[PDB]
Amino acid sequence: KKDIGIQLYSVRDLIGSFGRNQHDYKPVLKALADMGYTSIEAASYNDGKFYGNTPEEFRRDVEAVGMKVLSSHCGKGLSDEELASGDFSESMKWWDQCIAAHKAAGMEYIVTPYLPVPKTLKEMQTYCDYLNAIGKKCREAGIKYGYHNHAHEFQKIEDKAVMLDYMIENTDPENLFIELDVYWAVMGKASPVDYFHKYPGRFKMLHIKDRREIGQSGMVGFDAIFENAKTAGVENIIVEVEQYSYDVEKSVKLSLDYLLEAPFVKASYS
């Protein structure tokens, strides 16, 4: 028995329409709980709702199968108009609702899943200003706000700063943590462990991702990652699987079983 979360994007293909119900997620929640997942990270936020349902209902649904509502992927990248103007006010109204709805759903974290590589350092600084502003609102509501990488964040901006480094260096630790995706880091030619040592404590969650099933490919050194989790600052780990060798359910079950069997994965990080 270990505390391990699942990103619901992983089962996007198993959440469809049934009767009048447009996002019929309850069946897959029960299947995931049955496998042994202990918490979820959502991937469907809009207009104060999750999967088209009230925060309160969604929370009840997740809790009914014995899992925790832990985190969510959502956000609102800046328009070209906002990058040039610096006026985020319309964006910040959206964040007020978003944060309130996440608190209502019982979330401990909110994570933005994607920002594009900016053309200039000036733009990157505007992004840092935005990220700090959002993180500050989150902390006032008692939520931790973070950012999830792909591989493009390991590119340099204007041949100077690496994008992810700049983000980390120019955000306050209480406003922003990094939900490090260890597969995309490797695909970016980055060493997760070298990142952990460079920015101790900033990696409060990990996305445990591989090419397909966790621990199958030979491309990610989970042993070394987990050996360095304390330095990193890990509180929670979330499995993510987007490509599959088997039917989706089996793929995500085998991924969980890799971590459950691994002696280097602790029973809890929180």
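Note that residue numbering begins at 1 and tracks the sequence as displayed.
The stretch with the higher mean CA B factor, choosing between 194-202 and 136-144, is 136-144. When 230-238 is weighed against 22-30, 22-30 comes out higher, by mean CA B-factor as recorded in the entry.
Across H150, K156, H73, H102, the entry's maximum B-factor at the CA atom is seen for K156. Highest C-alpha temperature factor among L121, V111, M167, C98 per the entry: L121. Ranked by C-alpha B-factor against the other modelled residues of its chain, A224 falls in the middle third.
Sorting the modelled residues of the chain by their CA temperature factor places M67 in the middle third.
In this PDB entry, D61 carries a Cα temperature factor that places it within the middle third of its chain's modelled residues. Among all modelled residues in its chain, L8 ranks in the lowest third by Cα B-factor. Among the modelled residues of its chain, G106 has a C-alpha B-factor that falls in the middle third, as given in the PDB entry.
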